[PDB]
Each structure stands twice: as structure tokens, then as C-alpha cells.
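Undergrad: Dumping the structure here so I can ask a few things about it.
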Amino acid sequence: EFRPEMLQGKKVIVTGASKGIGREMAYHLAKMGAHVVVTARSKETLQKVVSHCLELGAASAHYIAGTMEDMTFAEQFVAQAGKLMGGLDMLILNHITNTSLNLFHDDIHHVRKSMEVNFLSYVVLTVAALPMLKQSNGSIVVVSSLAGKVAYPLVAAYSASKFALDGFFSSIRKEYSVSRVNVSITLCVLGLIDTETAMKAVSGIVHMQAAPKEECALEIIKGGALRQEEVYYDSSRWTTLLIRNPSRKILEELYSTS
Amino acid sequence: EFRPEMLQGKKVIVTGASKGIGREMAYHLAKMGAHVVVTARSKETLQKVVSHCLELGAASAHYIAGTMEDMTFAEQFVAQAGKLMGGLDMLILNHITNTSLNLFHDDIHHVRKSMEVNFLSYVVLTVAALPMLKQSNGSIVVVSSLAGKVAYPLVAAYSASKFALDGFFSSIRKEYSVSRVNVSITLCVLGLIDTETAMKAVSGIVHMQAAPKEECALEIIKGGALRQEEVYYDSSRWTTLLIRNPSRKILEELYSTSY
Ligand SMILES: NC(=O)c1ccc[n+]([C@@H]2O[C@H](COP(=O)([O-])OP(=O)(O)OC[C@H]3O[C@@H](n4cnc5c(N)ncnc54)[C@H](OP(=O)(O)O)[C@@H]3O)[C@@H](O)[C@H]2O)c1
Ligand SMILES: NC(=O)c1ccc[n+]([C@@H]2O[C@H](COP(=O)([O-])OP(=O)(O)OC[C@H]3O[C@@H](n4cnc5c(N)ncnc54)[C@H](OP(=O)(O)O)[C@@H]3O)[C@@H](O)[C@H]2O)c1
Ligand SMILES: Cc1cc(C)n2ncc(C(=O)N[C@@H]3[C@@H]4C[C@@H]5C[C@H]3C[C@@](O)(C5)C4)c2n1
Ligand SMILES: Cc1cc(C)n2ncc(C(=O)N[C@@H]3[C@@H]4C[C@@H]5C[C@H]3C[C@@](O)(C5)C4)c2n1
């Protein structure tokens, strides 16, 4: 049902686009047409992405560098991004603070940092984007993980932040339905992706199974365009069938009665 | 399988005990002849609880007042609590920052406050309690909600923090199994409870028939004692069957088997 024609000329923001899925998403959006603004901390890397985007045939490519640790930047960004494009119709939140597979000892600093960058930031951005997105009847795309739906050891603070996204975004989605706010909330559940970051991170655990970033990225955009509630992407059909929870849907609708 | 005899003489912390489920938990534990350390911000209210606890037959009852907004408070708390009891056999994290049913507009302050009090605090406490709990082979009891497992409008920041607890605690539970840390992590998923706070928050908004706090409270403690992963408590059997996530448990175990 998806068409690349849909995205042509649309005002898109991609966070965490200097590398990983973000970069391939910016690259995918840079085809036929689309106005794409990218953000990450890496100044030069972002400029490089910006250039290849235009070479791939993007309607307009712009970067704004900075940390999502600082919340005021996060607001400032959406404003400038919204100024460069005039409007904004799709916000793709996909950045995360650096995480390594490791046993949780006592790094409360890391739990807080994870909370700030992988969660709070997305909320701050959404709030900042909401006026602009309301008038375009746009979409918020939150990039989550299997760990955002299930418990894995060695990713406690990462899981905590990815579970918080579902908690929050799944709930404001319910609010937007009742309050009739015509803005889409697409939550993306991913398994291992063949990104360099993941590849560096994965040792002991295999590693060989990790899915292609190219397909993954396009699948996120597709879901966003099609205004889906969830996007499941994994190297396994089995994990994909197993991730879906009917019981939750039934419970959520069961209270929607009154 | 549970027995009140189990709790007799055990050193227990109950956060958010000046009222609500916390207070009934302190009250049941009191009746069971355990040592109780209670915390909340309300100085006098806590003293009141402390007294009735001893009258109910608690082995010891002590209150340490303070905000879980401030993280240094949270560490200092566990130290003194530990000092008063000598050790710690069960940590019951049950406090929350005040929440009102409301549409999420742009209160980032509230999202952050919710995150700090309902989540970060619990982690800070757990970390602070972990050395004392390790040597007693104790239990951490995290009090979550239906909204900690499912999406409801008017509770976005509340759900965000309760979903973060599952995320975090469910994961360190997996870690403790592999790393062989003999400390239990009990997550309690609750529906509406007949607490005055709830009753008020929900009186004008859609009321859905709340369950008794007395039974709820005891059910949390039971689960903790029995060292259960999850505790389900609702006014409905229907919601109780519907909350359980079999697919998740199968997927989590399906990786466990492999690694
Ligand atoms: N690949 C997988 O195995 C996997 C699995 C599940 C979910 N996902 C999700 O996929 C998304 C993309 O992950 P990835 O594999 O592409 O990882 P990646 O290569 O680590 O990309 C992370 C992005 O976030 C940026 N970033 C990091 N810290 C930041 C900060 N404080 N401020 C601003 N930007 C920051 C990075 O740029 P700078 O370093 O330039 O700041 C980069 O562009 C993430 O949301 C991740 O949770 C991936
Ligand atoms: N009842 C329900 O409908 C329901 C449903 C699902 C889950 N739950 C969970 O059940 C548990 C019990 O909640 P409840 O609603 O029954 O009790 P409640 O009356 O809302 O109790 C809140 C407790 O936390 C304390 N507290 C509030 N703000 C604080 C702060 N910033 N710092 C430190 N302590 C603070 C309060 O004392 P002060 O005001 O004296 O400081 C009080 O002792 C919570 O974890 C709640 O999430 C309840
Ligand atoms: C190991 C593993 C296995 C499976 C099946 N999944 N499914 C999703 C994830 C996931 O979210 N991975 C994250 C973790 C690990 C890597 C890659 C990525 C960013 C990072 O910082 C470093 C934290 C996952 N991890
Ligand atoms: C809307 C709704 C629907 C269902 C089915 N449930 N099931 C559990 C809760 C829940 O935990 N809500 C919280 C909120 C609102 C009240 C009650 C409780 C503590 C409080 O402080 C005050 C914040 C709930 N809410």
C-alpha cells in the first residue's frame, strides 16, 4: 500500500542521523524528493550525510548538531528545523546515548543519562513539534527495540528508557484519539540491526543474525507514512509473531468502553 | 502456601507509607510482628502510622521523613533504615509523585518529576539497599500498575515511569539469575485500589469500581514473601487473565534457553 510518491516534498526531521539507522533513513528519504533535517552531536559527519542526501536527490537537506542531553537544545532544534522547512509533517525520533552490553552494577549516572537522552528528549521534542505537527496532521515515529517490549539482561537502563517510550507514546496516542488530535504515533520495535554500533557492541552473543539497516530504515519510514501504531522489524519471522500482544489491545479497549 | 509466621521478625522498609497501599502494607506487616521502617514527606502522618503499627504488634516501627525528588535523601534513607534494623530483609518501593488524571499538554516538568520519584528513586534505593539485601538474601518489591503494562489516556507520565520500572527491574532480575545474586525482584501490577488518593483522582473522571486496599496490600506482601516475579491484583478476574503476557514470557525464555 506504501508509495515513495507519498514522501515527495514532505517536511521530515530525523534525530540520530550521523550514523546507524538514522543515516539510512535520511538516505532513504533522499529519493524522488523530501525535505529532511538531520541531528546528532558529530558536526562534520552530519555535513557529510547532508551532502550525500542532496546527491541522492533530496528536496532540501539541513543539519543542526548538538547533544540531546541538554533539553533546551532539543526545543531550539525543532524551532529552527521548523523554520528551515516552514512546517513539519513527520518527526522521527531515533537517537540514543551510547550503551554497552554490561551487568548493572551501580551506575545511576548512566540510568539518568539513558532516561534523559533515550526518553525525556523524545518527549521534549514531541512537545516542541506538536503545534507544527497539529497543523500539518503529521506523524511522530518513535524508534524503540525488542528490549522496549521484553526483558534482556545487560541492557537494564536501555530497556528502562525504551519501555518508558511505549508507556508514554502509547498513552498519548489513546489521548489523541479521544481528544481528536489528528497526529499519528508510530512505535517501532526492532531486533538486532547490522549497524556498526551494534556490531561493535555484540560479543559473546551472535551477531551473525543481525538484520540489514537498509531494509529496517525503509520499513520504519513506510510504517510512519502508512500511519501504523507499531512496526515490527526482525531477522526472525518467529520473533515477529511472538512480539505482538493481543491481551494488551483487549485490555486497552476494555477500558475504552467508559 | 504463604504464612504470616514467615514475616515475623523480618526487617522491612515500606516507602510511601503515610497513606494509601503503603500504610495498609505497614499495617499488615505490623500485625505480622516484623520490623518496619516507613517513609514519606508528611512528618506527623508518619508518626501516626508508626504508633498504630506498634499497637498492631510490630517488632519495631520507625519513620524517616523526606522527599524522593532529592536523590541524596534516598541513599541517606536506606543507610539510616539499615542502621535502625541492623539489616534489611525486604525493600518495598511503593511511593509516587502526586498525579492527577489529565490530558498531556506540555508539562515536561511533570514527566521529569514522575521519572525522578516513580522511577530513578527506586533504582537509587535498590542500589543503596543491594549490599544489605545481598547478605540477607532478601527481596525487592516494586509496586507497579495496569498502566505499567498497558496504555491508558490521562496517565502518560505515570505510565512512562511504571513502564520504566518493568523495563529496568525485569531486566536486572534476568541479570541476577545469570550472575547468581540471591535477591528477589517482585513486580506488582495493580488495577484501581479504594485508596482515598485514587478515589479522589477518579471520582469526577470515569470511576471503574476499585478493589479493597486491605486485600491488595496483603497480596503484595504475600508475593514478596513467596518470591514471585509478578503479582496481579484487580477487582476483575477478566482483567487479571488479560494482563498476563504469555508471548513476552515465551520470547524472554526463548532467548534464555539459547544463551
Ligand atoms: N541496531 C540494533 O541492534 C538496534 C536494536 C534495537 C533498536 N535499535 C534502535 O535504532 C536506533 C538507531 O540505532 P543505531 O543502531 O543506528 O545506533 P548508532 O549508530 O549508535 O546511532 C545513534 C545515533 O544517536 C546519536 N546520538 C548519540 N548520543 C547523542 C546525544 N547525546 N545527542 C544527540 N545525538 C546523539 C548518534 O550521533 P552522535 O554520536 O553523532 O551524537 C547517532 O547518529 C536507536 O534508537 C536504537 O535504539 C537498534
Ligand atoms: N490505588 C490505585 O488506584 C493504584 C493503582 C495502580 C497502582 N498503584 C500504586 O500503588 C502504590 C500506592 O499508591 P496509593 O495511591 O495507594 O497511595 P498514595 O496515597 O497516592 O500514597 C503516596 C505515598 O507516597 C508519598 N509521597 C508522595 N509524594 C512524594 C514525594 N515526592 N516524595 C516522597 N514520598 C512522596 C506520600 O506521602 P506524603 O504526601 O506524606 O509525602 C504517600 O505516603 C503506588 O506505587 C501506586 O503507583 C495504585
Ligand atoms: C543483544 C541484543 C539482542 C537482540 C535480539 N536485540 N534486539 C534488540 C536489541 C537492541 O536494542 N540492541 C541495542 C543494545 C545492544 C547494542 C545494539 C543496540 C544499541 C546498544 O547500545 C548496543 C544497546 C537487541 N540486543
Ligand atoms: C485511568 C486508569 C485506568 C485503569 C484501569 N487503572 N488501573 C490502574 C490505574 C492507576 O494506577 N492509576 C493511578 C493514577 C490515577 C489514580 C489511581 C492510580 C494512582 C494515582 O495517584 C491516582 C494516579 C488506572 N487508571
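Note that we place each Cβ from the backbone using ideal geometry, even for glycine, and neighbour counts take in every protein chain shown. Every number here is computed from the coordinates shown, using simple stated rules; none is lab data.
Let's see how each residue does on (1) in contact with a helix residue (DSSP H, G or I) (Cβ under 8 Å, 6 or more places away or on another chain); (2) assigned to a loop (DSSP other than H, G, I, E, B); (3) over 24 Å from A:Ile193 (Cβ atoms):
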| residue | (1), (2), (3) |
| --- | --- |
| A:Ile13 | yes, no, no |
| A:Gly33 | yes, yes, yes |
| A:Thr45 | no, no, no |
| A:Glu69 | yes, yes, no |
| A:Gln76 | no, no, yes |
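Undergrad: Show the residue pairs that are 6+ apart or on different chains and have beta-carbon atoms under 6 Å apart, the first residue being within the range A:177-201 and within 16 Å of ligand 4 (Cβ to nearest atom), the second being part of a loop (DSSP other than H, G, I, E, B).
TA: Every condition considered, the pairs that remain are A:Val178/B:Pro153; A:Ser179/B:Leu103.
Undergrad: Sticking with this one: Determine if the range A:63-78 includes at least one residue that is more than 16 Å from ligand 4 (Cβ to nearest atom), closer than 24 Å to A:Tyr233 by Cβ and crowded, with 22+ Cβ neighbours inside 10 Å.
TA: Yes, that holds for at least one residue.
Undergrad: Can you tell me which residue is nearest to the other protein chains (Cβ to nearest Cβ) among those in the range A:216-258 that are of a type in the set (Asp, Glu) and assigned to a helix (DSSP H, G or I)?
TA: The selected residue is A:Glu252.
Undergrad: Can I ask one more? Report yes if A:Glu69 is within 14 Å of chain B (Cβ to nearest Cβ) and either within 16 Å of ligand 3 (Cβ to nearest atom) or on the phi > 0 side of the Ramachandran plot (or both), otherwise no.
TA: yes
Undergrad: Then there is this: Being away from every other protein chain (no Cβ under 11 Å) and in a loop (DSSP other than H, G, I, E, B) is the filter here; which residues of the range A:175-206 pass it?
TA: A:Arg180, A:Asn182, A:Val183, A:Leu192, A:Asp194, A:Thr195, A:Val202, A:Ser203, listed by residue number.
Undergrad: Given the conditions (1) over 14 Å from the mean Cα position of the chain (by Cα); (2) closer than 18 Å to A:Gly22 by Cα; (3) away from ligand 3 (no atom under 11 Å from the Cβ), and given that A:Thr186 satisfies all but one, which numbered condition is not satisfied?
TA: Every condition holds for A:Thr186 apart from (1).
Undergrad: Looking at B:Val141, B:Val206, which is the one that is crowded, with 21+ Cβ neighbours inside 10 Å and touching a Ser or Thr at 6+ places or on another chain (Cβ under 9 Å)?
TA: Matching residue, one of B:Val141, B:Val206: B:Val141.
Undergrad: Also, quick follow-up: For the range A:115-126, check the following and say yes or no: at least one residue is of a type in the set (D, E, K, R) and buried (at least 22 other Cβ atoms within 10 Å of the Cβ).
TA: no
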